[PDB]
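**Q** Sharing a structure with you now.
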Amino acid sequence: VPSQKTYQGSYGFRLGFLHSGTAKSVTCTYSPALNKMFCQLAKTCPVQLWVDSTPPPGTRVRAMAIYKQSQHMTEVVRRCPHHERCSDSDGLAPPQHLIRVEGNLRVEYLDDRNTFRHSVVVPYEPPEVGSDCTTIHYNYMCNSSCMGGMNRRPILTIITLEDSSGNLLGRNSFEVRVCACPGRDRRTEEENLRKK
Amino acid sequence: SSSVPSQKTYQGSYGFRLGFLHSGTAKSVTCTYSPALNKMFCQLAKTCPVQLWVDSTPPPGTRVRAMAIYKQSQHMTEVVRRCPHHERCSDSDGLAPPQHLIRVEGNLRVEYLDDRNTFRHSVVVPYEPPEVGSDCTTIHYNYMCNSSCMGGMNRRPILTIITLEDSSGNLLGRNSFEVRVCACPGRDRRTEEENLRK
Amino acid sequence: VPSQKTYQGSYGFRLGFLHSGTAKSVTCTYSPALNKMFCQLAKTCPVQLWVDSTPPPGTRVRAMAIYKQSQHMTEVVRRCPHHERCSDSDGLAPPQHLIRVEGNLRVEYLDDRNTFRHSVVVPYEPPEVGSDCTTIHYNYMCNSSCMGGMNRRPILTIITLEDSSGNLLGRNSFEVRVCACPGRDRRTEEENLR
Amino acid sequence: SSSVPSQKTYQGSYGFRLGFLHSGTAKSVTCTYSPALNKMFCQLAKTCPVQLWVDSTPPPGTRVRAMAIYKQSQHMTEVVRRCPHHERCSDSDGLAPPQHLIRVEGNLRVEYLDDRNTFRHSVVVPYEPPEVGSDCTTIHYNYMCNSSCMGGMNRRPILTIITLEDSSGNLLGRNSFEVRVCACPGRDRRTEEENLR
Amino acid sequence: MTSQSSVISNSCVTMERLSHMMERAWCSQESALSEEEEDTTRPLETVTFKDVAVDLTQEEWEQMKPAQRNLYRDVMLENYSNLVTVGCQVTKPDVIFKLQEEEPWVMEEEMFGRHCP
Amino acid sequence: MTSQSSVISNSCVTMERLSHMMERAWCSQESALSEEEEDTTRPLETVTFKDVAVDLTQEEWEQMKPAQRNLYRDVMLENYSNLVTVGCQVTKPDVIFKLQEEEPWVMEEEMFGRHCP
Ligand SMILES: [Zn+2]
Ligand SMILES: [Zn+2]
Ligand SMILES: [Zn+2]
Ligand SMILES: [Zn+2]
């Protein structure tokens with residue numbers, strides 16, 4: 001199982017998230033207290049990349065979802081066999097990949113051949129004019145309660161950086177609870193942190 | 001399908017009637033039946049004893065076919081099938097293909113049928129006469145998906161058709177009863193008894 | 001062209017409609033001031049049947065959409081050739097019929113052989129326990145701006161009653177503007193009346 | 001389709017380049033072209049003059065084939081065809097079958113092709129040399145559907161492939177340019193210039 | 001220089017009101033009829049301080065200039081300044097651990113808070 | 001009987017305020033620098049009464065207790081009570097035909113208003 005510990009590197013790689021509201025039917029939201037992104041199926045998850053230095057050209061950004069619980073680490077975070085057969089493809093993703101990326105022509109998808117898991121790769125672009133971050137619009141294709149896939153188990157999404165050879169430059173991790181109600185499921189897990 | 005089989009109750013000259021156990025309405029019952037809606041509520045992979053009450057004894061070689069059809073008319077073209085998750089789970093009893101919703105335990109002679117015109121699922125046991133002391137032969141049925149399974153029944157209420165036929169296949173009698181399979185059978189009878197008093 | 005004048009009969013046949021809100025994306029709504037139902041494509045249009053007496057068994061309810069404008073009465077209210085080839089069938093309707101009915105196993109569909117038009121028939125059921133009306137969940141399969149079909153022309157949907165022989169027992173008519181925004185298109189046509 | 005033809009720009013040894021009129025960005029223009037996106041915006045059944053700028057004169061018998069393909073990769077399997085409403089309208093110029101999106105006016109020698117492997121629509125005119133005073137031969141193109149037609153293009157942006165071939169059919173040069181056909185060509189250039197900044 | 005304001009609207013604005021929020025005495029007692037005097041046997045049952053204290057909501061405190069935020073905690077502290085001084089004793093509720101310096105909802109899970117001097 | 005109220009809050013409520021809505025004198029004049037005195041040649045150009053009168057919006061007048069509705073027409077009439085008495089003369093605007101008895105938006109198109117005695 002690949003590691004989930006936060007790797008800053010010499011590059012100052014940090015994940016930025018939009019400060020979105022906690023409405024009942026939000027499309028994507030992030031909790032700073034639990035480092036937990038709550039979002040929907042097949043919807044836009046803009047994840048900002050805040051860097052202290054500009055990386056050399058050819059650098060790429062790999063996303064990978066792993067289970068947070070240790071008793072389920074042997075299972076690959078995969079789609080349920082119902083959603084594996086639905087016609088929800090964007091024309092670039094195999095139907096078993098949980099993570100997807102829209103708004104980019106150069107996305108890679110990987111079934112890694114040792115660890116048997118799903119990896120989602122985009123090439124990193126520098127921040128635009130006026131910008132301090134490059135936003136990757138992520139898409140998750142299953143909820144966490146899908147039977148045969150995640151199955152009510154909370155998952156951690158690992159965002160990694162690498163150059164074209166594949167050596168690791170930086171890694172940040174954040175928890176993911178995908179359900180139909182993202183903003184409300186942040187609220188019952190903020191009720192989880194305040195005792196009594 | 002294209003030729004959806006009929007759901008109208010057929011008594012015949014044999015007096016074929018479905019008997020159901022008068023079981024309680026607890027929150028986690030294994031199988032229950034509503035007389036007011038003719039609706040059996042039961043679980044996944046659990047015993048559903050359906051009694052067969054007959055007025056006359058049928059000749060030897062007679063069989064009992066079960067078939068689940070949708071109750072709603074806008075979904076009649078879809079075969080009542082298992083969801084693609086439960087179609088790939090290892091829940092087989094060694095006799096059923098993994099797409100069949102209905103199963104039968106406690107019988108060695110069960111048939112399973114994918115019919116080749118109407119493309120649907122049929123579950124067949126041979127009929128046995130009632131035992132000593134008995135007035136009915138109980139078939140322990142097993143349903144393998146809940147009605148809210150995505151890709152299968154998908155929150156649509158279904159009718160299970162129990163039919164009788166001799167070894168040639170001509171229909172001798174048919175009774176129909178609604179089926180709502182979820183995780184809470186006895187409670188889902190109660191909110192549908194709250195549905196009728198209104 | 002079949003007649004659009006309201007026929008009560010000796011049966012007291014009157015169309016009932018749900019008093020639904022005027023939200024921007026409603027599934028079905030009805031205007032009492034213009035007798036105009038606004039609804040979506042392939043969505044539930046519950047039309048209640050209020051009767052003064054109970055009809056004999058074997059009675060049926062035929063729906064038919066006709067154009068309201070007189071210069072377009074010669075054209076059959078039909079689906080556009082795009083939606084005539086889409087896979088939106090409920091397994092009971094031919095793909096040219098505008099009107100459909102869900103929640104009923106006994107629906108008939110008719111291409112009438114003199115007047116060349118589309119008719120949608122369900123058998124009438126008496127009102128249930130507690131009920132004073134039998135609701136038919138109607139489904140329209142094209143918007144009124146479909147090119148080759150209705151083509152921005154407002155249509156009248158004719159609800160008729162007949163016994164099994166086919167003689168007319170009662171007829172009520174109500175206008176239909178099918179678009180993507182039913183509740184908003186009621187509002188600009190209430191702005192039309194004031 | 002089964003194998004989708006290529007959209008990459010082919011210059012060749014002939015110096016084949018598409019010329020477009022520098023037309024204004026009015027609200028109801030008949031045809032306009034964006035240099036920044038290489039995107040022609042035009043109307044239904046209207047004149048789209050596309051100039052052919054060549055570095056050398058081709059031999060006689062050379063032809064110009066036009067083909068519209070989808071720009072998006074998830075829709076490449078669908079043939080760019082007319083909607084079933086406009087496939088049954090009486091808008092024919094007497095030379096085109098009613099499923100072809102592209103047409104050509106002002107030329108008697110136009111060919112129309114339903115290709116028999118890739119199942120798509122191709123529009124062919126024979127190439128004429130530039131006239132006296134001229135450096136280009138203008139082909140007046142006509143598109144017969146907007147991009148939002150239901151059953152045809154259906155809000156999907158398309159690329160029109162202009163190809164050159166001699167009478168045998170081997171490819172001599174190919175240029176591609178995007179096409180957004182709607183009712184407002186000059187305004188739809190402006191919201192896609194607002195897209196780039 | 002000039003415009004030496006003979007002070008009108010400094011700190012003596014909170015002190016002067018007396019009829020601005022504390023008059024908010026309704027459901028009047030017009031010609032009372034339901035009445036039965038009885039023996040005093042039933043106990044008091046004062047309500048609590050659990051509900052007088054307000055559980056903190058998450059989406060609040062955006063508009064909320066922190067002259068109102070620090071005063072809101074001073075509402076559940078000056079209503080608390082009775083019940084640990086004179087009267088019936090209640091416990092300390094759960095929300096009182098944030099009546100702190102930064103914020104109520106500070107991150108403690110998921111460490112590596114940006115290594116720096 | 002008793003509770004003979006020595007009247008506090010009858011009709012002398014509108015008369016007494018003087019600082020409730022008419023004080024709404026901002027964008028102050030602190031240490032003015034931009035100034036150039038010149039000849040008085042350019043004309044006045046008083047603005048109009050077309051924009052001082054407010055064109056009637058349709059969705060309004062729901063909450064709007066008609067003590068405010070009849071007073072709103074009394075705003076475009078008492079601002080009008082100057083301009084047809086003393087000052088520059090304007091015309092009568094288009095909205096003044098509803099400053100009537102039933103409503104502004106009364107039906108006149110589509111007759112057959114329900115035959116009755
Ligand atoms: Zn799933
Ligand atoms: Zn299932
Ligand atoms: Zn249509
Ligand atoms: Zn079209």
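Chain lettering (A, B, ...) mirrors the order of the structure tokens, residue numbering begins at 1 for each chain separately, and ligand numbering begins at 1 in order of display.
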Near chain E, which residues of chain A fall within 6 Å when you count only C-alpha atoms, and what do they look like as a list in words?
**A**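 The selection requested is residues 33, 34 and 196 of chain A.
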**Q** With C-alpha atoms kept, could you save the residues just selected as a PDB file, in the first residue's frame?
**A**
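Printed below is again.pdb as written:
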ATOM      1  CA  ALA A  33     -10.487  20.744  10.823  1.00  0.00           C
ATOM      2  CA  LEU A  34     -10.543  17.144   9.544  1.00  0.00           C
ATOM      3  CA  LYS A 196     -20.598  15.999  24.473  1.00  0.00           C
TER       4      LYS A 196
END
**Q** As a quick test: using only C-alpha atoms and all ligand atoms, which residues lie no more than 8 Å away from ligand 2? Give them as a compact mmCIF listing (two decimals) with N, CA and C atoms, in the first residue's frame.
**A**
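Ended up saving to selection.txt:
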# COMPACT_ATOMS: atom_id res chain seq x y z
N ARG B 82 -31.18 -9.16 -11.04
CA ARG B 82 -30.32 -8.71 -9.96
C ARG B 82 -29.48 -7.52 -10.41
N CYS B 83 -29.06 -6.72 -9.44
CA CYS B 83 -28.16 -5.61 -9.72
C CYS B 83 -26.79 -6.15 -10.12
N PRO B 84 -26.02 -5.38 -10.91
CA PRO B 84 -24.70 -5.88 -11.34
C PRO B 84 -23.68 -6.04 -10.21
N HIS B 85 -23.91 -5.45 -9.04
CA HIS B 85 -23.07 -5.77 -7.89
C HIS B 85 -23.38 -7.16 -7.35
N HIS B 86 -24.66 -7.42 -7.07
CA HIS B 86 -25.07 -8.71 -6.53
C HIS B 86 -25.00 -9.82 -7.57
N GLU B 87 -24.93 -9.48 -8.86
CA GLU B 87 -24.69 -10.47 -9.90
C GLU B 87 -23.27 -11.00 -9.86
N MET B 144 -32.90 -12.70 -3.77
CA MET B 144 -31.47 -12.43 -3.72
C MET B 144 -31.11 -10.96 -3.91
N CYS B 145 -32.09 -10.07 -4.02
CA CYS B 145 -31.84 -8.64 -4.08
C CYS B 145 -32.97 -7.90 -3.39
N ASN B 146 -32.64 -6.74 -2.83
CA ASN B 146 -33.66 -5.82 -2.36
C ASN B 146 -34.18 -4.99 -3.53
N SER B 147 -35.34 -4.37 -3.32
CA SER B 147 -36.02 -3.67 -4.41
C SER B 147 -35.35 -2.35 -4.76
N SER B 148 -34.53 -1.81 -3.86
CA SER B 148 -33.81 -0.57 -4.11
C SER B 148 -32.42 -0.80 -4.70
N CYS B 149 -32.15 -1.97 -5.26
CA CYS B 149 -30.83 -2.23 -5.81
C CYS B 149 -30.66 -1.50 -7.14
N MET B 150 -29.57 -0.74 -7.25
CA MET B 150 -29.33 0.07 -8.43
C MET B 150 -28.87 -0.80 -9.60
N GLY B 151 -29.61 -0.73 -10.71
CA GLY B 151 -29.40 -1.59 -11.85
C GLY B 151 -30.28 -2.81 -11.91
N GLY B 152 -30.98 -3.13 -10.82
CA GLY B 152 -31.87 -4.27 -10.80
C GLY B 152 -33.33 -3.86 -10.70
N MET B 153 -33.88 -3.92 -9.49
CA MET B 153 -35.28 -3.54 -9.30
C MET B 153 -35.44 -2.03 -9.17
**Q** Identify, counting only C-alpha atoms and all ligand atoms, the protein, DNA and RNA residues located within 8 Å of ligand 3, and give them as a ChimeraX atom specification.
**A** /C:79-84,141-150
**Q** Could you save those same residues with N, CA, C and O atoms as a PDB file, in the first residue's frame?
**A**
ATOM      1  N   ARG C  79     -45.082  14.219 -33.267  1.00  0.00           N
ATOM      2  CA  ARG C  79     -43.744  14.452 -32.756  1.00  0.00           C
ATOM      3  C   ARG C  79     -42.822  14.912 -33.878  1.00  0.00           C
ATOM      4  O   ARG C  79     -43.065  14.651 -35.060  1.00  0.00           O
ATOM      5  N   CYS C  80     -41.766  15.626 -33.495  1.00  0.00           N
ATOM      6  CA  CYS C  80     -40.752  16.041 -34.446  1.00  0.00           C
ATOM      7  C   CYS C  80     -39.974  14.818 -34.930  1.00  0.00           C
ATOM      8  O   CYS C  80     -39.907  13.803 -34.231  1.00  0.00           O
ATOM      9  N   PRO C  81     -39.405  14.875 -36.143  1.00  0.00           N
ATOM     10  CA  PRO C  81     -38.668  13.707 -36.660  1.00  0.00           C
ATOM     11  C   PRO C  81     -37.399  13.362 -35.889  1.00  0.00           C
ATOM     12  O   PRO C  81     -36.893  12.244 -36.044  1.00  0.00           O
ATOM     13  N   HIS C  82     -36.869  14.271 -35.068  1.00  0.00           N
ATOM     14  CA  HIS C  82     -35.788  13.892 -34.164  1.00  0.00           C
ATOM     15  C   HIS C  82     -36.308  13.027 -33.026  1.00  0.00           C
ATOM     16  O   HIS C  82     -35.782  11.938 -32.767  1.00  0.00           O
ATOM     17  N   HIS C  83     -37.345  13.502 -32.328  1.00  0.00           N
ATOM     18  CA  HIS C  83     -37.904  12.762 -31.203  1.00  0.00           C
ATOM     19  C   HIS C  83     -38.685  11.534 -31.647  1.00  0.00           C
ATOM     20  O   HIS C  83     -38.940  10.647 -30.827  1.00  0.00           O
ATOM     21  N   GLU C  84     -39.065  11.462 -32.924  1.00  0.00           N
ATOM     22  CA  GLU C  84     -39.663  10.250 -33.468  1.00  0.00           C
ATOM     23  C   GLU C  84     -38.653   9.115 -33.592  1.00  0.00           C
ATOM     24  O   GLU C  84     -39.056   7.953 -33.699  1.00  0.00           O
ATOM     25  N   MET C 141     -44.623  13.977 -25.019  1.00  0.00           N
ATOM     26  CA  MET C 141     -43.317  13.520 -25.479  1.00  0.00           C
ATOM     27  C   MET C 141     -42.582  14.519 -26.360  1.00  0.00           C
ATOM     28  O   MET C 141     -41.500  14.196 -26.862  1.00  0.00           O
ATOM     29  N   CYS C 142     -43.130  15.712 -26.567  1.00  0.00           N
ATOM     30  CA  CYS C 142     -42.449  16.768 -27.300  1.00  0.00           C
ATOM     31  C   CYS C 142     -42.824  18.112 -26.707  1.00  0.00           C
ATOM     32  O   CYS C 142     -43.915  18.281 -26.161  1.00  0.00           O
ATOM     33  N   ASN C 143     -41.899  19.059 -26.804  1.00  0.00           N
ATOM     34  CA  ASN C 143     -42.216  20.446 -26.520  1.00  0.00           C
ATOM     35  C   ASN C 143     -42.857  21.095 -27.743  1.00  0.00           C
ATOM     36  O   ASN C 143     -42.758  20.593 -28.864  1.00  0.00           O
ATOM     37  N   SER C 144     -43.519  22.232 -27.514  1.00  0.00           N
ATOM     38  CA  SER C 144     -44.302  22.862 -28.573  1.00  0.00           C
ATOM     39  C   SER C 144     -43.430  23.549 -29.613  1.00  0.00           C
ATOM     40  O   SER C 144     -43.907  23.821 -30.720  1.00  0.00           O
ATOM     41  N   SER C 145     -42.173  23.829 -29.288  1.00  0.00           N
ATOM     42  CA  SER C 145     -41.248  24.444 -30.227  1.00  0.00           C
ATOM     43  C   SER C 145     -40.428  23.427 -31.010  1.00  0.00           C
ATOM     44  O   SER C 145     -39.387  23.796 -31.565  1.00  0.00           O
ATOM     45  N   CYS C 146     -40.857  22.167 -31.068  1.00  0.00           N
ATOM     46  CA  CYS C 146     -40.087  21.162 -31.789  1.00  0.00           C
ATOM     47  C   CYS C 146     -40.261  21.349 -33.293  1.00  0.00           C
ATOM     48  O   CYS C 146     -41.383  21.460 -33.798  1.00  0.00           O
ATOM     49  N   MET C 147     -39.142  21.421 -34.002  1.00  0.00           N
ATOM     50  CA  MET C 147     -39.163  21.673 -35.434  1.00  0.00           C
ATOM     51  C   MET C 147     -39.594  20.421 -36.195  1.00  0.00           C
ATOM     52  O   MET C 147     -38.991  19.352 -36.059  1.00  0.00           O
ATOM     53  N   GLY C 148     -40.658  20.560 -36.989  1.00  0.00           N
ATOM     54  CA  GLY C 148     -41.275  19.443 -37.669  1.00  0.00           C
ATOM     55  C   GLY C 148     -42.469  18.845 -36.959  1.00  0.00           C
ATOM     56  O   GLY C 148     -43.202  18.057 -37.570  1.00  0.00           O
ATOM     57  N   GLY C 149     -42.690  19.195 -35.696  1.00  0.00           N
ATOM     58  CA  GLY C 149     -43.825  18.691 -34.953  1.00  0.00           C
ATOM     59  C   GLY C 149     -44.842  19.772 -34.651  1.00  0.00           C
ATOM     60  O   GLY C 149     -45.654  20.127 -35.510  1.00  0.00           O
ATOM     61  N   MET C 150     -44.806  20.303 -33.428  1.00  0.00           N
ATOM     62  CA  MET C 150     -45.751  21.350 -33.055  1.00  0.00           C
ATOM     63  C   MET C 150     -45.293  22.722 -33.537  1.00  0.00           C
ATOM     64  O   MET C 150     -46.124  23.521 -33.978  1.00  0.00           O
TER      65      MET C 150
END
**Q** Within 9 Å of residue 196 of chain D, counting only C-alpha atoms, which residues qualify if same-chain residues fewer than 2 places away don't, as an MDAnalysis selection string?
**A** chainID D and resid 36:37 191:194
**Q** Next, dump the selected residues to file, keeping only C-alpha atoms, as a PDB file, in the first residue's frame.
**A**
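Wrote out11.pdb, looks like this:
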ATOM      1  CA  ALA D  36      -7.077  33.190 -32.476  1.00  0.00           C
ATOM      2  CA  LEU D  37      -9.122  29.971 -32.256  1.00  0.00           C
ATOM      3  CA  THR D 191     -18.182  35.048 -26.272  1.00  0.00           C
ATOM      4  CA  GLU D 192     -15.432  32.669 -27.391  1.00  0.00           C
ATOM      5  CA  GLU D 193     -12.969  35.548 -27.526  1.00  0.00           C
ATOM      6  CA  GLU D 194     -14.171  36.242 -23.973  1.00  0.00           C
TER       7      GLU D 194
END
**Q** Can you pull out the residues contacting residue 92 of chain B? Cut-off 12 Å, using only C-alpha atoms, and skip same-chain residues under 3 positions away; I want them as a ChimeraX atom specification.
**A** /B:45,86-89,95-105,142-144
**Q** Within 9 Å of chain A, which residues of chain D show up when using only C-alpha atoms, listed as a CSV table (one decimal) with N, CA and C atoms, in the first residue's frame?
**A**
chain,number,residue,atom,x,y,z
D,73,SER,N,-13.5,14.5,-28.3
D,73,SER,CA,-13.0,13.2,-28.6
D,73,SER,C,-14.1,12.2,-28.1
D,74,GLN,N,-15.0,12.5,-27.2
D,74,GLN,CA,-16.0,11.6,-26.8
D,74,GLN,C,-17.1,11.4,-27.8
D,75,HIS,N,-17.2,12.3,-28.8
D,75,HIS,CA,-18.2,12.2,-29.8
D,75,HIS,C,-17.7,11.9,-31.2
**Q** Which neighbours of residue 27 of chain A fall inside 8 Å, counting only C-alpha atoms, when residues of the same chain fewer than 3 positions from it are skipped, and could you give them as a PyMOL selection string?
**A** chain A and resi 39-40+43-45+182
**Q** If I take atom CA of residue 130 of chain C and atom CA of residue 103 of chain C, how far is one from the other in Å, to one decimal?
**A** 19.6 Å
**Q** Pick the closest to ligand 1 from A:142, A:180, A:193, A:169: which is it, counting only C-alpha atoms and all ligand atoms?
**A** A:142
**Q** Set the cut-off to 12 Å and count only C-alpha atoms: what are the residues of chain F that reach chain E? Output as an MDAnalysis selection string.
**A** chainID F and resid 2:3 30:31
**Q** As number ranges by chain, which residues of segment 1-137 of chain B does DSSP assign to strand (DSSP E)?
**A** B: 17-20, 31-34, 39-42, 48-53, 63-70, 102-105, 111-114, 121-126, 136-137
**Q** Would you kindly return, as a PyMOL selection string, each protein, DNA or RNA residue with an atom no farther than 12 Å from any atom of segment 13-18 of chain C, considering only C-alpha atoms and excluding same-chain residues fewer than 2 positions away?
**A** chain C and resi 6-11+20-22+27-32+35-38+44-55+61+63+124+132-138+157-162+168-174
**Q** Given a cut-off of 10 Å, what residues near ligand 1 show up using only C-alpha atoms and all ligand atoms, put as a PDB file with C-alpha atoms, in the first residue's frame?
**A**
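Output (selection.pdb):
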ATOM      1  CA  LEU A  41     -20.563  11.782  -7.945  1.00  0.00           C
ATOM      2  CA  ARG A  78     -12.571   0.845  -6.891  1.00  0.00           C
ATOM      3  CA  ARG A  79     -15.996   1.545  -8.304  1.00  0.00           C
ATOM      4  CA  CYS A  80     -18.972  -0.632  -7.449  1.00  0.00           C
ATOM      5  CA  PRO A  81     -19.924  -3.244 -10.087  1.00  0.00           C
ATOM      6  CA  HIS A  82     -23.128  -1.321 -10.854  1.00  0.00           C
ATOM      7  CA  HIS A  83     -21.324   1.953 -11.593  1.00  0.00           C
ATOM      8  CA  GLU A  84     -18.582  -0.004 -13.375  1.00  0.00           C
ATOM      9  CA  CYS A  86     -23.081   2.436 -16.270  1.00  0.00           C
ATOM     10  CA  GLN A  96     -13.297   1.283 -12.782  1.00  0.00           C
ATOM     11  CA  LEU A  98     -12.972   6.480  -9.012  1.00  0.00           C
ATOM     12  CA  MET A 141     -17.393   8.596  -9.839  1.00  0.00           C
ATOM     13  CA  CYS A 142     -18.793   6.720  -6.817  1.00  0.00           C
ATOM     14  CA  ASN A 143     -20.157   7.527  -3.399  1.00  0.00           C
ATOM     15  CA  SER A 144     -18.493   5.952  -0.373  1.00  0.00           C
ATOM     16  CA  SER A 145     -21.534   3.797   0.456  1.00  0.00           C
ATOM     17  CA  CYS A 146     -21.463   1.973  -2.895  1.00  0.00           C
ATOM     18  CA  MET A 147     -21.852  -1.767  -2.386  1.00  0.00           C
ATOM     19  CA  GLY A 148     -18.858  -3.623  -3.807  1.00  0.00           C
ATOM     20  CA  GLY A 149     -16.705  -0.500  -4.048  1.00  0.00           C
ATOM     21  CA  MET A 150     -15.938   1.781  -1.118  1.00  0.00           C
ATOM     22  CA  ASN A 151     -18.838   0.402   0.998  1.00  0.00           C
TER      23      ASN A 151
ATOM     24  CA  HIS B  85     -23.067  -5.766  -7.890  1.00  0.00           C
ATOM     25  CA  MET B 150     -29.329   0.067  -8.434  1.00  0.00           C
TER      26      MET B 150
END
**Q** Write out as a PDB file with N, CA, C and O atoms, in the first residue's frame the residues lying within 9 Å of residue 107 of chain B, counting only C-alpha atoms and excluding same-chain residues fewer than 6 positions away.
**A**
ATOM      1  N   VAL B 125     -39.958 -25.555  -9.034  1.00  0.00           N
ATOM      2  CA  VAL B 125     -39.807 -26.748  -8.193  1.00  0.00           C
ATOM      3  C   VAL B 125     -40.914 -27.721  -8.599  1.00  0.00           C
ATOM      4  O   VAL B 125     -41.962 -27.284  -9.098  1.00  0.00           O
ATOM      5  N   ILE B 139     -43.048 -24.173   0.139  1.00  0.00           N
ATOM      6  CA  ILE B 139     -41.842 -23.952  -0.651  1.00  0.00           C
ATOM      7  C   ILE B 139     -41.073 -22.805  -0.011  1.00  0.00           C
ATOM      8  O   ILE B 139     -41.573 -21.675   0.060  1.00  0.00           O
ATOM      9  N   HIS B 140     -39.854 -23.087   0.439  1.00  0.00           N
ATOM     10  CA  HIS B 140     -39.010 -22.083   1.081  1.00  0.00           C
ATOM     11  C   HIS B 140     -38.328 -21.269  -0.011  1.00  0.00           C
ATOM     12  O   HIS B 140     -37.327 -21.697  -0.592  1.00  0.00           O
TER      13      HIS B 140
END
